[PDB]
Structure formats: structure tokens, C-alpha cells
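Undergrad: Below is a structure I'd like to ask you about.
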Amino acid sequence: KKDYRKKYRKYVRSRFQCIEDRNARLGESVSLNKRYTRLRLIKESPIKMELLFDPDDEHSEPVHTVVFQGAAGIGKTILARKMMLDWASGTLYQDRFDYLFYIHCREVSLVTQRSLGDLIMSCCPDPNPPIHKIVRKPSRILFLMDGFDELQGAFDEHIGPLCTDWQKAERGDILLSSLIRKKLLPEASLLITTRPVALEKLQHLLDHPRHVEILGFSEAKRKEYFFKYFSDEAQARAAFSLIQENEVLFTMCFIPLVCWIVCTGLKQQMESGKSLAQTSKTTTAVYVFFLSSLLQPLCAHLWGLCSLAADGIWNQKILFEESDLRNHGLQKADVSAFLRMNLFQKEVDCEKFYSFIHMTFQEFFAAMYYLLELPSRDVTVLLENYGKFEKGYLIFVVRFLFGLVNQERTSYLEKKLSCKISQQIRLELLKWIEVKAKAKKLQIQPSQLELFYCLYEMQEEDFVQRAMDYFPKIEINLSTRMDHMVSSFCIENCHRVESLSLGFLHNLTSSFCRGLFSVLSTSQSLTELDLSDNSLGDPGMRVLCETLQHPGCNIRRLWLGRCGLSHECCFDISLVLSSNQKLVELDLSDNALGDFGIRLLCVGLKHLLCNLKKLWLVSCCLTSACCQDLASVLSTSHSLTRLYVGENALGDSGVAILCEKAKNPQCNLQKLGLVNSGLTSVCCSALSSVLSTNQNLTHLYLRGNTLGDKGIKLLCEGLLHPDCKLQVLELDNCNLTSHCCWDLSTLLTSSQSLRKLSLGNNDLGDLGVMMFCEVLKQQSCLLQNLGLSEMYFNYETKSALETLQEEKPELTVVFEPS
Ligand SMILES: Nc1ncnc2c1ncn2[C@@H]1O[C@H](COP(=O)(O)OP(=O)(O)OP(=O)(O)O)[C@@H](O)[C@H]1O
Ligand SMILES: CN1CCC[C@@H](Nc2nnc(-c3ccc(C(F)(F)F)cc3O)c3c2CCCC3)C1
């Protein structure tokens, strides 16, 4: 008769109309989802709200699971609620899905036992829905698991009884894992929202998820929010200008939650006829300001409220029963006031539990609890439980303590904290940083950035400049604007950093990092700067090249690996080399600095006051055409001693040019990396001439060329020369055969200066090695690796090699293949 799908869609449209879907909205007004501001979705590459489950570019495999992630306050849940409404209205996924079932993790227990009855609880008011009909058809339904990280209590991802069969009742934790791992209702779709930190215990369940990151407001969107929030444009302009003038707060308003907190504060000031003050710079300052205005007009119950929040964190409770409020002395008075001021909610949607408007407020109050004037009241215990799911990670609780524990405090809430306690905690927090900063290990504890966020909140140079002494090496990954302002602050207030690595992510090729580079240029301790493996396109390299010319720069080693630089950037690099007398080592490997780029780069290299000693030009798409300019540099540059030009097309007609100039006995070249240039035996006579005449050359790396036995013979004529000082000769797969063993054998006993001979993956022969074993015993000068790796031998040969190792300890290691 009548369909159910129409009734369910009607229910969803009627229910999902508000942003909060809760009371206490300053007079219990309706927020209206029409107020929703679109958030950008970036695939972990912009994507739409639809097409999330579609097959991708290759293999055409469908996507069952989509995972959305983002920071607290971004609006993961609002997006999920928007999807429910757009679907019910028939504009989103109107074809492929018959039902969307919204699961609110905050309301899901991991203690109780239940069947998959949430297909009933999430349905319209009718207590007996057709669960055994169309609702039971897999692939036509999508579950929305909103707030995975909000699940209260321990969550065990490794279980036996996965519990198939939706009609079977089992533990809430088992049931959630069963849906995520697709054991229950196979082929059903699933959308999960989570904080990035909580992925630690989710990655083991997802198997093959599609990851999407949720972004905050752009400048254009931030402005609209204020104008949509403040119905009077005259007041909207005032509010916008007050915030726009504060660069730090404007940046913070990136997160929807922050701009909301600020807007409410200003709205209250407007109504009361106040000056509309707003001077907050830190996260703590914003939250304190809000509560200061909210609770001052209450504060008499601050202790009880803080104890409630503290208990909720330690005993894993978000939803409070009236009995839990009464037990803290919070009843029939301030609770109503908290609802009126939109600090606390009643969850009036057919329920009688209370909650805080946001987890950051609950954690904020828990942070104050420890400092006021009952599970612990011990900071040590709190910090020891930081890296734990079971306590909610406590990221904001600790972060807020850093902000709250200060000396520059004023009236309203901030003055109700104990001084002696603040002093005791400040010492413990500093020790906490010292240990975590030193313990630079892979873990879920602070990862060299969260510590900066903590120090940022602690706006005190006396504390920050001291805490930063434990960060001699800074390795950070920056994806947003807040990351840059926080890292800039901490790096600037640091006098003991020796090296820095900046992993720029999907925000450079712009001015975004200009402020950070400016700070680095004034450091007197930074020696090594690593900017490899990120999109430092030419525009970014220009900014850096200008930065590196500062008189106080002091950077000696600069690594610019796979940055995707082109030949145009070599103009700016040349300018730096010609004036920067500090830079010693420069790595340009894997860029696209073709022959033209070298022609320009060589201008700086040949310039007076250029002190560069080690230059890497590996895999730079070079050909023999550039050998003339590189050769000129070797001839005239007395400072360049290490040159690596392998993995290029500098064939035999090219190496000959480098050799002709390197042959000159006044050339200071010590190490030459002609690794994979495609050299052939015809050029070995050029290498021979260099080895014979150039007494400075000590290391030659030829692995990857094709020399054969003829090449070895020619090299040996040079290597056996009395003036040859080569110490290390590397000969990996050079297409060698056993016919060259007589000449290699000669080197082993005739050479006086060779120390290492790394024969690698080639058909050297077992008989060849046996020859070496016998001659190596005759007072050989070889002390280092003899190679013979990546090849296989028979039993007797391997025994001989093992014997050689024991009979003549002077040889570091033989390196048998097995
Ligand atoms: N896209 C948006 N458009 C308009 N307002 C938004 C948007 N996103 C979030 N909000 C603002 O943020 C406030 C709360 O955001 P929200 O409840 O989604 O925090 P949350 O962390 O995502 O929730 P949860 O605790 O489940 O993770 C809302 O009251 C609203 O003012
Ligand atoms: C552990 N830590 C490792 C390094 C990266 C860091 N990421 C962020 N953390 N926190 C917030 C954040 C959200 C909300 C709030 C507010 F209190 F206002 F609600 C204040 C915040 O600092 C953010 C980000 C990145 C994106 C920007 C917002 C997490």
C-alpha cells in the first residue's frame, strides 16, 4: 500500500532544519540551516559533496567508505547534517540511496549490548518500521557515523566475535567495528567523520577508505558570516572592521567555532551599549573573554561547573543526567542561566540529558579546575594520560592550561586561580616540554608542532625562549595559516636551533611563507636549511634567493631537492652564490635545471667570493652540451672540490671534456660522481689520464656505466700509475666479466693507495673471486669493502671468503652475499 520511504524522507526534512538542533540558543531561536556556509572538501584536489562514492580514474573500483577529517570547530557535523537535509529534499544522492541513517556517536555507548536497532531509533516516530523490507536491502543505504572520536570509553579495535546478522545483540563496541569493517550488512555505504588524531585507532578498521579533508572559511566567507549573523548591516560593518583590524584574531576566525564565539561576544556588547572591545590573540584569550562576559553578569558556581566538566573528562561522560548536575550543587538556578546564555544545552529532542555547547568548552573548564582556589587535582596524573584515546587525548585540556598559567592576568575568572598552584604547574609543564622535545621519536605524543601551539598560548618570552632550548632540530609540516603564525612565533624566539626542515603541504609558489623566511634570515644559530620534496616553485625560490642575501643569514648548507625548479631560478641562485660568502653546500638534485640552467649557474660558480665546495647536479636533465661550462668551473674554481653529475646524459663525448680540464694537476677536485651517465669503455682512457695526473682526486664512482673488461684495462693503466692517489673506486654493475679479474687482481696487490674496491652486481665469476682471495693475502693495501655483493657463489667459494675474513682481520668486512 503506502510506501515508507516518503514518510522517512519527510521526517528527515522536518528534523534536520537547524545548525544546533538544540535549545539554549539565546532565547531558543531557530538558527536555520539556510545560514550554512559551504566548506571546501579536499581529497587527500577539490571535490563535491556528491560523487564521493563514485569509482575513480583507474580500475573503476567503487567506494564504500568515505572518511572526513578536520580540526575541532571546523564543522564536520554540520556538513553531515546538511547532507541529511539535501538528500531528504531530493537534491543530493536522490537516485542511488533509498535511506540515510544518521548515527550520533556521542549518544552511542560502548558498554551496553544491542542489536542493529539503530535502524529503528533513527527512524520516524513509528516504533515498528519495515526493517525486514526495503530497509534491509544493502547497497541502497548509507550510514553516517558522525563523531567517531567522540565515542566515550575505551575502544578495542581487535576482537573475535565480529557479530554478523543484524538481528543479533552484542556489545556496542563490537557492533560499531562490525559496521566499519563491513562484516555487518556488506555493501552498505558508510561515511565517517573524525578528528585527525583519532585515526590512530580507526586506520585498522577502514582497510580501504577514501580520505577527504574539511577546510574552514576563506576571507570572503568570513565576511559573509558576519553579515548573515548581524541582521543590521551597520552593525555587521562595525563587527567586521573590529575583527579585520586584528590580524591574529582574523586568522583564528578561519575556524567557524571561533568566529561564532567572537560574534556572540560582540552581539552582547552591542545590546548592552558597550564599546565593542575585542583584544584576544590566543585561543585561551577568546574562550576566557566569552565566559567572562557570560558568567560575570554565574561565577558563584564556577567551582561546581569546573568539577562537573573535570569529572566528565576523567570518567568519560559527555551527556549529564539531572542527578549528575544536582550532585555538584548545580540545580534549579544556574543551570537555567547557562541555558539562557547558550553555554549549556538541554538536548530537548526527545531526551533529558544535558551537555556543553562544545567539547572545547568542557575541556576548557576541566583545565581551569586544576588551577582553582574530584578524581585527582594532580597535573602529573593529567599529563601522563595525554597520549590516550581513553581520556579523549586531552589536547585542549593541556593546551588551555598553558594559556591559563600566566602572570599577565586580569579580573573576571582569571583572578580566581591560585598563584602558588600556577607556579607549581608552570614548572611541571616546562619539564613536560623538555622530555617530549628531547624524545624526538615516532609516537602520538606532541610531534614538534603541538608543542609550538602550547608555547604560542603561553605568551611569555621568559618561558618560551627557555622551552625552545630543547629544540636543536626543528622538523615541521605546515598546511594552514595558523600553522605559520604559531611556528613563526616559536622559531623566532629560539637561539639554539641548528637545523630546520619545512614540509610545506597543500596550503607554496606564493608569498604565504614570506613571513617565515624573513624570520629565518635573522637567525644566528641556523646552519642547515632543508626545503626538499615540496612545491617550492620558481616564485618561491626567488623569495628565498632574496632572503639568503641578508648579511646576517648564516646559512651554510642548503638542500633544494625535488622542488620542481626550472632554469629561470638559476638566475637568482647565481646572484646568491656571487654575494653569499657563507654558503658551502648546495643540492640541486632532481630539479629541471637543463643545460641552459647550468650555463647561468656557472656564472656564479666562477665568480670571486663564491665559496661553494660541494655541488649536486644529479638527475637535472643535462646533456653533453653543458660539459663545456662545468669543465670551466672545475678549472677556474679553486673552492669546488666535490661534484656529482650522475644520472644525466653526459655520455662519452661529454665526460671527455670534464676530464680534459680535471686532468690539470692544479684542479682541486677530490670527489667525482660520474655514476649513471651512460659512459662506455671508449672514455676510460680519459678517466685514466685524470687518475694519473690529478693527485687530488680520491673518490671515483662509476656504478651504472657500461665499461666491460676493456674499460677496466684502461682504468688499470691509470690506476697502477705510481702517482695515483685514488682511495675509493666503486664499480657496481658495469657489465664486467671474469676476463677483467687479472687486471683487478693486479690492482689489489700493486696499488699502494687504493683502500676500497666495491665490485658490485656483475658476472665477476667464482674463479675470479678465488683468484682475489689468494692474492689479497700478499700484503694487500685494501682495508675496506671489497664488494662482491649482489652475486652468488658456490659452497667452496663462500667458504674461502669466510676463511679470508678470519685469516686476515685487517680487512674490515668481505661482505659475502649470504
Ligand atoms: N559551515 C558553517 N556555516 C555556518 N555556521 C557554521 C558552519 N560550521 C560550523 N558553524 C558554526 O560552528 C558552531 C558549532 O560548530 P560544530 O558544532 O559543527 O563544532 P563540531 O566540532 O564540528 O561538532 P562536534 O563536536 O560533533 O565535532 C555552530 O554554532 C555555528 O555557529
Ligand atoms: C596536535 N596538533 C598537531 C599539529 C597540528 C594541530 N592542528 C590544529 N589544531 N587545533 C586547531 C584548533 C581548532 C579549534 C580551536 C578553537 F579553540 F578555537 F576552537 C583551536 C585550534 O587550535 C587547528 C589545527 C589545524 C587547523 C586550524 C585549527 C594539532
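Starting from 1 in every chain, residues are counted up; chains themselves are A, B, ... following the order of the C-alpha cells, and ligands are numbered from 1 as listed.
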Report as a PyMOL selection string: the residues of segment 409-533 of chain A with a DSSP assignment of alpha helix (DSSP H), based on the backbone of this structure.

TA: chain A and resi 419-438+450-457+461-467+481-492+514-520

Undergrad: With only C-alpha atoms counted and 12 Å as the cut-off, give the residues of segment 608-683 of chain A in contact with segment 714-725 of chain A, each with its shortest interatomic distance in Å and the pair that gives it, as CSV.

TA:
```
residue,atom,partner,partner_atom,distance
A:663,CA,A:718,CA,11.8
A:665,CA,A:723,CA,11.3
A:670,CA,A:725,CA,10.3
A:671,CA,A:725,CA,12.0
A:680,CA,A:714,CA,11.4
A:681,CA,A:714,CA,7.9
A:682,CA,A:714,CA,9.0
A:683,CA,A:714,CA,9.0
```

Undergrad: Hey, which of A:355, A:316, A:784, A:578 ends up closest to residue 727 of chain A? Count only C-alpha atoms.

TA: A:784

Undergrad: Please extract the residues of segment 616-696 of chain A with a backbone DSSP assignment of strand (DSSP E) and present them as JSON, numbers by chain.

TA: {"A": [616, 642, 643, 644, 671, 672]}

Undergrad: As an exercise, work out the distance from atom CA of residue 94 of chain A to atom CA of residue 48 of chain A in Å and give it to one decimal place.

TA: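 Separating atom CA of residue 94 of chain A from atom CA of residue 48 of chain A is a distance of 15.1 Å.
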
Undergrad: Given the choices A:647, A:730, A:213, A:21, which gets closest to ligand 1 if the distance is worked out from only C-alpha atoms and all ligand atoms?

TA: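 Closest candidate: A:21.
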
Undergrad: Neighbouring residues of residue 480 of chain A were defined as those with any atom within 9 Å, considering only C-alpha atoms; residues of the same chain fewer than 3 positions away were excluded. Please report them as a PyMOL selection string.

TA: chain A and resi 483-484+505-507

Undergrad: Which residues, written as a list in words, have at least one atom at most 12 Å from residue 118 of chain A, with only C-alpha atoms counted and residues fewer than 4 positions away on the same chain left out?

TA: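 My list of contacting residues is residues 100, 101, 102, 103, 104, 105, 107, 108, 114, 122, 123, 124, 127, 129, 131, 143, 144, 145, 166, 167, 169, 172, 175, 176 and 179 of chain A.
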
Undergrad: For residue 527 of chain A, work out the shell of residues within 8 Å, counting only C-alpha atoms and skipping chain neighbours fewer than 4 positions away, then give it as a list in words.

TA: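 In the requested form, the answer reads residues 498, 499, 554, 555, 556 and 557 of chain A.
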
Undergrad: Determine, counting only C-alpha atoms, which protein, DNA and RNA residues have an atom within 8 Å of an atom of residue 141 of chain A; residues of the same chain fewer than 6 positions away are not included. Present the result as a PDB file with C-alpha atoms, in the first residue's frame.

TA:
```pdb
ATOM      1  CA  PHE A  97      20.291   5.859  -1.862  1.00  0.00           C
ATOM      2  CA  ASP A  98      16.865   4.947  -0.520  1.00  0.00           C
ATOM      3  CA  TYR A  99      17.823   5.656   3.092  1.00  0.00           C
ATOM      4  CA  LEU A 100      20.359   7.664   5.037  1.00  0.00           C
ATOM      5  CA  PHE A 101      20.700   6.638   8.656  1.00  0.00           C
ATOM      6  CA  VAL A 135      15.282  -1.121   4.585  1.00  0.00           C
ATOM      7  CA  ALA A 188      26.215  -0.842   2.657  1.00  0.00           C
ATOM      8  CA  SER A 189      27.884   2.550   2.295  1.00  0.00           C
TER       9      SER A 189
END
```

Undergrad: Go through the chains and note each residue within 8 Å of ligand 1, using only C-alpha atoms and all ligand atoms, then give the set as a PyMOL selection string.

TA: chain A and resi 19-20+33+35-39+71-79+106+146-147+150+194-195+216-217+225+255-261+357-359

Undergrad: Print the selection's residues with N, CA and C atoms to a file, as an mmCIF file, in the first residue's frame.

TA:
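Result went into result.cif, see below:
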```cif
data_model
loop_
_atom_site.group_PDB
_atom_site.id
_atom_site.type_symbol
_atom_site.label_atom_id
_atom_site.label_comp_id
_atom_site.auth_asym_id
_atom_site.auth_seq_id
_atom_site.Cartn_x
_atom_site.Cartn_y
_atom_site.Cartn_z
ATOM 1 N N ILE A 19 21.099 24.401 12.713
ATOM 2 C CA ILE A 19 22.532 24.166 12.820
ATOM 3 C C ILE A 19 22.860 23.407 14.102
ATOM 4 N N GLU A 20 22.253 23.824 15.210
ATOM 5 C CA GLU A 20 22.480 23.183 16.500
ATOM 6 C C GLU A 20 21.517 22.028 16.767
ATOM 7 N N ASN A 33 19.220 26.261 8.831
ATOM 8 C CA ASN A 33 20.323 25.723 8.038
ATOM 9 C C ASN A 33 20.595 26.518 6.766
ATOM 10 N N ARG A 35 21.566 29.314 6.796
ATOM 11 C CA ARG A 35 22.703 30.107 7.240
ATOM 12 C C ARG A 35 24.025 29.384 6.995
ATOM 13 N N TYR A 36 23.947 28.110 6.626
ATOM 14 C CA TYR A 36 25.138 27.304 6.413
ATOM 15 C C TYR A 36 26.040 27.877 5.334
ATOM 16 N N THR A 37 27.321 27.988 5.659
ATOM 17 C CA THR A 37 28.325 28.435 4.710
ATOM 18 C C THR A 37 29.116 27.236 4.206
ATOM 19 N N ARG A 38 29.207 27.104 2.891
ATOM 20 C CA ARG A 38 29.867 25.953 2.289
ATOM 21 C C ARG A 38 31.326 25.844 2.706
ATOM 22 N N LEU A 39 31.743 24.631 3.051
ATOM 23 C CA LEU A 39 33.132 24.355 3.385
ATOM 24 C C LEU A 39 33.761 23.591 2.232
ATOM 25 N N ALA A 71 39.954 19.535 12.110
ATOM 26 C CA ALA A 71 40.197 20.026 13.462
ATOM 27 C C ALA A 71 38.895 20.357 14.179
ATOM 28 N N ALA A 72 38.959 20.411 15.501
ATOM 29 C CA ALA A 72 37.794 20.783 16.284
ATOM 30 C C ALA A 72 37.332 22.175 15.894
ATOM 31 N N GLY A 73 36.023 22.346 15.753
ATOM 32 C CA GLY A 73 35.449 23.652 15.444
ATOM 33 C C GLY A 73 35.300 23.915 13.945
ATOM 34 N N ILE A 74 35.811 23.010 13.106
ATOM 35 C CA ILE A 74 35.716 23.180 11.654
ATOM 36 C C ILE A 74 34.290 23.038 11.139
ATOM 37 N N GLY A 75 33.536 22.089 11.676
ATOM 38 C CA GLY A 75 32.142 21.936 11.261
ATOM 39 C C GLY A 75 31.842 20.619 10.551
ATOM 40 N N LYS A 76 32.533 19.559 10.951
ATOM 41 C CA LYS A 76 32.331 18.232 10.379
ATOM 42 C C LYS A 76 30.875 17.786 10.496
ATOM 43 N N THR A 77 30.287 18.018 11.666
ATOM 44 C CA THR A 77 28.927 17.581 11.961
ATOM 45 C C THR A 77 27.879 18.401 11.221
ATOM 46 N N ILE A 78 28.164 19.674 10.967
ATOM 47 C CA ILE A 78 27.188 20.496 10.272
ATOM 48 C C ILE A 78 27.103 20.037 8.838
ATOM 49 N N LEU A 79 28.249 19.714 8.259
ATOM 50 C CA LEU A 79 28.274 19.188 6.910
ATOM 51 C C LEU A 79 27.465 17.894 6.840
ATOM 52 N N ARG A 106 28.144 10.442 19.914
ATOM 53 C CA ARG A 106 28.065 10.971 21.267
ATOM 54 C C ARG A 106 27.016 10.228 22.090
ATOM 55 N N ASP A 146 28.785 9.914 12.685
ATOM 56 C CA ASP A 146 29.239 11.254 12.990
ATOM 57 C C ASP A 146 29.905 11.359 14.360
ATOM 58 N N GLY A 147 31.194 11.700 14.371
ATOM 59 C CA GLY A 147 31.942 11.873 15.615
ATOM 60 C C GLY A 147 32.572 10.592 16.145
ATOM 61 N N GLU A 150 34.355 10.927 19.300
ATOM 62 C CA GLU A 150 33.581 11.316 20.469
ATOM 63 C C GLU A 150 33.050 10.114 21.232
ATOM 64 N N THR A 194 35.744 12.335 11.654
ATOM 65 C CA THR A 194 36.683 12.157 12.757
ATOM 66 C C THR A 194 37.754 13.239 12.840
ATOM 67 N N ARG A 195 38.312 13.419 14.026
ATOM 68 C CA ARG A 195 39.486 14.270 14.186
ATOM 69 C C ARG A 195 40.714 13.493 13.700
ATOM 70 N N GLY A 216 38.230 25.292 6.459
ATOM 71 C CA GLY A 216 37.468 26.341 7.135
ATOM 72 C C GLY A 216 37.083 27.476 6.190
ATOM 73 N N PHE A 217 36.861 28.660 6.752
ATOM 74 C CA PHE A 217 36.379 29.790 5.971
ATOM 75 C C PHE A 217 37.505 30.574 5.307
ATOM 76 N N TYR A 225 29.760 35.572 6.842
ATOM 77 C CA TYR A 225 29.259 35.068 8.110
ATOM 78 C C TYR A 225 28.834 36.216 9.011
ATOM 79 N N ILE A 255 38.374 29.143 11.704
ATOM 80 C CA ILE A 255 37.544 28.094 12.271
ATOM 81 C C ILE A 255 36.176 28.681 12.645
ATOM 82 N N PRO A 256 35.076 28.192 12.055
ATOM 83 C CA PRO A 256 33.716 28.648 12.273
ATOM 84 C C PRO A 256 33.377 28.807 13.745
ATOM 85 N N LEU A 257 33.837 27.882 14.581
ATOM 86 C CA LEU A 257 33.582 27.982 16.009
ATOM 87 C C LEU A 257 34.149 29.269 16.592
ATOM 88 N N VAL A 258 35.321 29.685 16.123
ATOM 89 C CA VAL A 258 35.957 30.864 16.680
ATOM 90 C C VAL A 258 35.204 32.116 16.288
ATOM 91 N N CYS A 259 34.813 32.210 15.021
ATOM 92 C CA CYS A 259 34.105 33.407 14.592
ATOM 93 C C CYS A 259 32.744 33.487 15.272
ATOM 94 N N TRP A 260 32.151 32.332 15.580
ATOM 95 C CA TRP A 260 30.897 32.304 16.317
ATOM 96 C C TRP A 260 31.066 32.851 17.730
ATOM 97 N N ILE A 261 32.114 32.402 18.425
ATOM 98 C CA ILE A 261 32.349 32.852 19.791
ATOM 99 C C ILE A 261 32.548 34.361 19.817
ATOM 100 N N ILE A 357 27.944 23.186 25.076
ATOM 101 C CA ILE A 357 27.781 23.534 23.660
ATOM 102 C C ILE A 357 28.898 22.988 22.781
ATOM 103 N N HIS A 358 30.086 22.799 23.338
ATOM 104 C CA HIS A 358 31.174 22.211 22.574
ATOM 105 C C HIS A 358 32.203 21.571 23.493
ATOM 106 N N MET A 359 32.875 20.542 22.993
ATOM 107 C CA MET A 359 33.895 19.845 23.767
ATOM 108 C C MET A 359 35.036 20.755 24.199
#
```

Undergrad: Which residue, A:420, A:438, A:399, A:34, has the smallest gap to ligand 2 when you use only C-alpha atoms and all ligand atoms?

TA: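 Closest to ligand 2 of all the choices is A:399.
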
Undergrad: Could you list, as number ranges by chain, every residue within 7 Å of segment 327-335 of chain A, counting only C-alpha atoms and ignoring same-chain residues fewer than 3 positions away?

TA: A: 298, 304, 308, 323-324, 338-339

Undergrad: Could I get the residues of segment 483-591 of chain A with an atom no further than 10 Å from an atom of segment 602-611 of chain A, each paired with its nearest atom pair and that distance in Å to one decimal, using only C-alpha atoms, sorted by chain and residue number, as CSV?

TA:
```
residue,atom,partner,partner_atom,distance
A:570,CA,A:602,CA,9.2
A:571,CA,A:604,CA,8.9
A:572,CA,A:604,CA,9.7
A:573,CA,A:604,CA,7.8
A:574,CA,A:604,CA,4.4
A:575,CA,A:604,CA,6.6
A:576,CA,A:604,CA,7.8
A:577,CA,A:604,CA,5.4
A:578,CA,A:604,CA,5.1
A:579,CA,A:609,CA,6.8
A:580,CA,A:610,CA,7.1
A:581,CA,A:611,CA,5.8
A:582,CA,A:611,CA,7.1
A:583,CA,A:611,CA,6.8
A:584,CA,A:611,CA,6.1
A:585,CA,A:611,CA,9.1
```

Undergrad: Could you check which of A:193, A:518, A:762, A:785 is closest to residue 812 of chain A, using only C-alpha atoms?

TA: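 Comparing A:193, A:518, A:762, A:785 against residue 812 of chain A, the winner is A:785.
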
Undergrad: Mind giving me the straight-line distance from atom CA of residue 398 of chain A to atom CA of residue 202 of chain A in Å, one decimal?

TA: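 Between atom CA of residue 398 of chain A and atom CA of residue 202 of chain A the gap works out to 23.7 Å.
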
Undergrad: Could you check which of A:742, A:254, A:356, A:412 is closest to ligand 2, using only C-alpha atoms and all ligand atoms?

TA: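 Distance minimum relative to ligand 2 lands on A:254.
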
Undergrad: From the options A:450, A:390, A:57, A:245, which residue's atoms come nearest to ligand 2, counting only C-alpha atoms and all ligand atoms?

TA: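 Closest candidate: A:450.
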